[PDB]
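*Asks:* Dumping the structure here so I can ask a few things about it.
Protein chains: 2
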Amino acid sequence: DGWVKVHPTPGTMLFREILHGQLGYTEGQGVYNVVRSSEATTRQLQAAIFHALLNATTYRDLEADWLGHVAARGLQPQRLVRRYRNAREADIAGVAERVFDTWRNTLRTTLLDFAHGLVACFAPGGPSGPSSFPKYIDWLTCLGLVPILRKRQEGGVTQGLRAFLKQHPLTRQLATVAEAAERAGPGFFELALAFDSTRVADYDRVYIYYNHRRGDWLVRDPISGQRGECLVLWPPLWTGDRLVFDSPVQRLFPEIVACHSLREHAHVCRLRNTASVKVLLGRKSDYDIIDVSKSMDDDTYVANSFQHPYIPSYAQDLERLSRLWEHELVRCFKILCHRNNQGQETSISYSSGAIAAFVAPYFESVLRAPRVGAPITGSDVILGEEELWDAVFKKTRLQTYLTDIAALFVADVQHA
Amino acid sequence: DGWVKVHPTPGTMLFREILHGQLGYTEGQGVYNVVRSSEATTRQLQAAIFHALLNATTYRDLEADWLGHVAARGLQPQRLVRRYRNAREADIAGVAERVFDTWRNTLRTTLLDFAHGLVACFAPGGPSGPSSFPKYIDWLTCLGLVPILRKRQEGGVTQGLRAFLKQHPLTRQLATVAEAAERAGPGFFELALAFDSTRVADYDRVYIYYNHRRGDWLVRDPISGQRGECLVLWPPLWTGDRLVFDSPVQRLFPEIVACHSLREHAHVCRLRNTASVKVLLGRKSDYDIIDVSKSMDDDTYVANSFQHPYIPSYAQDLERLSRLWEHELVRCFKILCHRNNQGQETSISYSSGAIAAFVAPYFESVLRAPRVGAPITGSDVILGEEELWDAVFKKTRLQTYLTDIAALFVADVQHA
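If you read the protein sequences in the order shown, they are chains d and e.
The first sequence runs 24 to 27, 29 to 310, 494 to 623 under PDB author numbering.
The second sequence runs 24 to 27, 29 to 310, 494 to 623 under PDB author numbering.
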């Protein structure tokens with residue numbers, strides 16, 4: 024009843041195998057390896073965790089803990105000035121600044137350690153297991169669909185968070201960490217459940233049906249019998265007894281098949297020339496390969512014979528196809544390449560537009576994540592994780608409180 | 024009865041299948057992938073939302089909030105000067121300046137967070153669902169027409185806006201944000217209704233009819249029976265025996281068809297040369496392939512034979528066609544190319560004229576949106592969301608109010 029089977033057809037499997045280089049290979053197709061890297065999602069996740077944790081802190085606990093530290097040292101400004109008993113303002117100011125700098129540095133190191141402790145829990149899930157990003161990207165590169173299956177249940181990531189959080193000494197040792205972690209905990213649990221709940225269907229098991237009249241998508245898991253929820257990023261076109269997707273492989277397909285056929289023909293012609301001497305026979309009127500044409504002669508005579516050992520040339524086509532693959536992928540997925548003065552490709556990375564267009568829908572639709580704050584810029588992908596923590600620390604809330612309390616402490620030290 | 029059937033004709037479908045590389049592909053055609061992108065539209069939406077939110081604020085509530093912050097700290101000028109009891113006006117001025125700087129930075133980050141909160145509601149609707157932008161662009165690239173369908177109803181975007189606004193706490197926390205959100209809300213709801221109401225018809229379901237004498241357009245949805253409206257951007261020409269559009273595919277159409285025919289002929293000629301030795305027979309006067500001319504000789508003799516194994520070459524034509532595609536699209540859609548010292552195509556973007564010519568009609572005619580403020584320039588498309596927010600933030604009302612308040616506060620502190 025107007026239903027069509030879309031995915032399990034042989035053409036789709038041929039697309040997928042074309043991606044594995046089952047008919048030819050090129051230098052251009054090698055760029056794809058970077059398009060599947062999971063680095064950007066992990067960087068975004070690190071940025072999200074850092075933003076969530078640092079945003080929780082507040083001025084009250086920071087001031088309370090600084091006061092507790094100065095009381096523990098017994099280094100209150102009154103006592104310090106009473107000990108020194110001289111009015112050299114520069115020396116006392118420098119001493120106070122260095123004390124506060126020591127405390128500040130140690131606090132930043134502790135916070136960084138805890139933050140890295142948090143991230144390590146989520147990282148393995150992104151590339152592998154439920155919600156694997158490379159599978160998503162190659163799903164898009166093949167069809168533009170992304171059949172997704174969902175169930176709600178606690179699993180690995182939630183258990184990891186539960187084990188990591190509920191015993192960490194750092195929360196007990198500092199009020200800042202205690203309040204920040206207790207406030208940020210619920211969101212992390214929501215995100216962990218989001219990571220655990222959703223899995224992307226496997227390319228060799230799922231079934232997809234499409235119906236033109238309603239434009240309805242039915243997706244089916246044949247093993248468990250579980251119905252899924254289809255997603256379409258680049259809508260296809262229906263043209264009768266057909267269905268034409270707009271994925272890159274479909275656009276490139278009519279070209280690579282012709283190139284492959286040319287290569288097969290050139291292979292066939294080469295074997296023909298292996299024998300270097302040929303003989304032609306006929307009927308009288310009345494290494495080495497010989498052509499017995501006697502069987503057709505009757506009241507006929509041989510008029511002429513010709514030789515032309517043709518061998519098709521195909522290197523030009525391979526160069527053209529390599530450049531075509533490279534340009535197609537680079538322009539389609541918004542890849543950005545850095546270059547030397549004349550040398551090419553020092554590194555390859557997602558552009559800002561690339562992360563915005565591809566990573567964002569992953570988190571929002573595929574994962575159904577709570578929130579990720581402002582997205583990271585393309586330049587922050589190249590940064591290391593430590594540098595990412597540093598950079599997010601520079602602009603975010605905590606540094607303002609630190610500078611304010613430091614300046615006030617120095618002023619009160621001098622004026623006390 | 025004097026009407027013409030336009031769209032579902034075979035040539036119209038052949039145009040779109042050409043767009044999917046159903047006859048050849050090239051490096052030039054790959055540039056089209058950047059034309060479809062929805063980046064500029066989302067940048068425009070972000071700019072519009074940021075303009076709307078900041079403009080709503082007012083000075084009196086901001087001054088009241090600053091005074092409330094100072095009172096909560098208890099750090100009023102009189103108390104502070106009485107506390108320090110020295111005439112070093114520069115030091116106290118710096119202390120006050122740093123206090124205000126802390127408050128200003130906190131306000132900046134808070135408003136940025138809320139603004140990003142608002143934007144997320146609209147963004148997903150642009151690229152997919154009703155009023156999808158790439159569908160509009162490919163409609164234009166194929167014909168220059170854009171059939172539209174309309175119903176007034178409240179859908180996903182309005183529900184998201186309703187849920188987000190009534191729950192948000194910043195309205196309670198800050199009076200300025202409360203008033204700004206209350207003022208900007210109605211415009212957001214009208215814009216959300218604009219997003220939800222309109223729909224761009226699918227290229228494989230809609231019918232289009234044209235009447236030369238009257239000069240009016242009829243667009244029909246056959247499955248629903250609904251009647252739509254047609255937007256004609258580059259009007260066609262009725263030459264009596266046809267209807268000729270002026271879309272880029274129409275202009276490039278003869279060239280690509282000629283090149284495809286040349287490639288097919290060159291393919292056919294190649295298979296003809298696979299056999300290297302040929303034999304030609306004749307009739308008595310009373494790997495290998497045999498040409499039997501027995502049955503056609505009588506009262507005749509053979510006089511001469513010629514061999515010339517021609518093989519057309521087509522690489523030059525493919526190069527010409529790639530360059531033609533690239534230049535045509537670049538000049539038609541006002542795309543802008545960035546380049547290294549000598550290297551080409553570091554990135555591709557939309558020129559200011561491109562957004563003015565294409566994005567503006569989308570919003571105003573296709574979407575019937577209320578207002579978008581002044582348009583962004585082509586440079587701001589490259590910038591990230593943070594940078595765009597900063598750029599709009601710097602040059603608007605809030606900064607004048609903040610700097611006035613800071614100047615007055617510091618001056619009064621030091622004069623007291």
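We put the CB at the ideal spot given by N, CA and C, even for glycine.
What residues are listed by DSSP as bridge partners for d:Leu304?
*Replies:* d:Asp498
*Asks:* In the stretch 153 to 171 of chain d, which residues sit with their C-beta less than 8 angstroms from some C-beta in chain e, listed in chain order?
*Replies:* none
*Asks:* For a cutoff of 8 angstroms on Cβ pairs, would you count e:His236 as touching chain d?
*Replies:* no
*Asks:* Near d:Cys544, which residues of its chain fall below 6 angstroms by C-beta distance, leaving aside the five closest residues on each side in sequence?
*Replies:* Exclusion of the five residues before and after d:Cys544 leaves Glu552 and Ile555 as the residues of its chain whose Cβ lies within less than 6 angstroms of its Cβ.
*Asks:* Does the beta-carbon of e:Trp90 have 16 or more other beta-carbons within 10 angstroms, so that it is buried, or is it exposed?
*Replies:* buried
*Asks:* Is e:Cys254 near e:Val268, with beta carbons less than 8 angstroms apart?
*Replies:* Between e:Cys254 and e:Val268, the CB-CB gap reaches or exceeds 8 angstroms.
*Asks:* What is the DSSP secondary structure of d:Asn547, counted as helix, strand or coil?
*Replies:* coil
*Asks:* Express the C-alpha separation of e:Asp597 and e:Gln606 in angstroms, rounding to a whole number.
*Replies:* Those two C-alpha atoms are separated by around 11 angstroms.
*Asks:* I need the boundaries of the beta strand (DSSP E) containing d:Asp240, first residue and last residue.
*Replies:* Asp240 to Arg244
*Asks:* How about e:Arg530 and e:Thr81: are their beta carbons less than 8 angstroms apart?
*Replies:* Not closer than 8 angstroms, so no.
*Asks:* Counting only Cβ-Cβ distances shorter than 8 angstroms, please list the residues of the stretch 100 to 119 of chain d near chain e, keeping chain order.
*Replies:* Residues: none.
*Asks:* Inspect the CB distances between the stretch 222 to 240 of chain e and the stretch 141 to 150 of chain e and report whether three or more fall short of 8 angstroms.
*Replies:* no
*Asks:* Could you tell me the distance, in whole angstroms, from the CA atom of e:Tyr83 to the CA atom of e:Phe616?
*Replies:* 15 angstroms
*Asks:* Go ahead and label e:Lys601 buried or exposed: buried means 16 or more other beta carbons lie within 10 angstroms of its beta carbon, across all protein chains shown.
*Replies:* When all chains shown are included, e:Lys601 counts as exposed.
*Asks:* For the stretch 518 to 540 of chain d, enumerate the residues whose C-beta is nearer than 8 angstroms to any C-beta of chain e, in chain order.
*Replies:* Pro519, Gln523, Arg527, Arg530, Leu531, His534, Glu535, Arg538 and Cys539
*Asks:* So which residues of chain d does e:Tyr494 contact, with C-beta pairs closer than 9 angstroms?
*Replies:* Within chain d, the residues near e:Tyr494 are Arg296, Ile496 and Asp498.
*Asks:* Identify the contact partners of d:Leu38 in chain e, using a Cβ-Cβ distance below 8 angstroms as the criterion.
*Replies:* None at all; the shortest Cβ gap to chain e is about 16 angstroms.
*Asks:* To the nearest angstrom, how far is the alpha carbon of d:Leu257 from that of d:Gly168?
*Replies:* 6 angstroms
*Asks:* On the DSSP letters alone, give me the boundaries of the beta strand (DSSP E) that d:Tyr508 sits inside.
*Replies:* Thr507 to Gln514
*Asks:* Take e:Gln53 and list the residues in its own chain whose beta-carbon comes closer than 6 angstroms to its own, dropping the five residues that flank it on each side.
*Replies:* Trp532
*Asks:* Assign d:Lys602 to one of three DSSP states: helix, strand, or coil.
*Replies:* helix
*Asks:* Relative to the C-alpha of e:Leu164, which residue among e:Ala299, e:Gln274, e:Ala614 and e:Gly141 is closest?
*Replies:* Cα-wise, what sits closest to e:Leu164 is e:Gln274.
*Asks:* In three-state terms, what does DSSP make of e:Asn57?
*Replies:* helix
*Asks:* Less than 8 angstroms separating the beta-carbons of e:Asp85 and e:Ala199?
*Replies:* yes
*Asks:* Between d:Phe513 and chain e, is there a C-beta pair that is closer than 8 angstroms?
*Replies:* yes
*Asks:* If d:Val579 and d:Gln68 are in contact, beta carbons under 8 angstroms, what's the gap, nearest whole angstrom?
*Replies:* 6 angstroms
*Asks:* Spell out the partners DSSP gives e:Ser556 in its beta bridges.
*Replies:* e:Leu543
*Asks:* Does any C-beta atom of chain d lie closer than 8 angstroms to the C-beta of e:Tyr227?
*Replies:* yes
*Asks:* Does e:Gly591 come within less than 8 angstroms of chain d when only Cβ atoms are used?
*Replies:* It does; some Cβ of chain d falls within 8 angstroms.
*Asks:* Any residues in the stretch 281 to 307 of chain e with a beta carbon nearer than 7 angstroms to a beta carbon of chain d? Which ones, in chain order?
*Replies:* Residues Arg294, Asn297, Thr298, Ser300, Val301, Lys302, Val303, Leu304, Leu305, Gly306 and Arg307.
*Asks:* Would you identify the three-state DSSP class for d:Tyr83, choosing helix, strand or coil?
*Replies:* In this structure, d:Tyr83 counts as helix in the three-state DSSP scheme.
*Asks:* Out of curiosity, what's the CA-to-CA distance linking e:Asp587 and e:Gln70?
*Replies:* 11 angstroms
*Asks:* Note down the Cα distance separating e:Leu305 from e:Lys501, rounded to an integer number of angstroms.
*Replies:* One C-alpha to the other measures close to 7 angstroms.
*Asks:* At which residues does the alpha helix (DSSP H) containing d:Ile172 begin and terminate?
*Replies:* Where d:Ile172 is concerned, there is no enclosing alpha helix (DSSP H), although the beta strand (DSSP E) it sits in stretches over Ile172 to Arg174.
*Asks:* Run the CB neighbour count on e:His515, radius 10 Å, all protein chains shown included, and call it buried at 16 or more, exposed below.
*Replies:* exposed
*Asks:* Name the chain e residues that come within less than 8 angstroms of d:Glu253, Cβ to Cβ?
*Replies:* The contacting residues do not exist; d:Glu253 stays about 15 angstroms from chain e at best.
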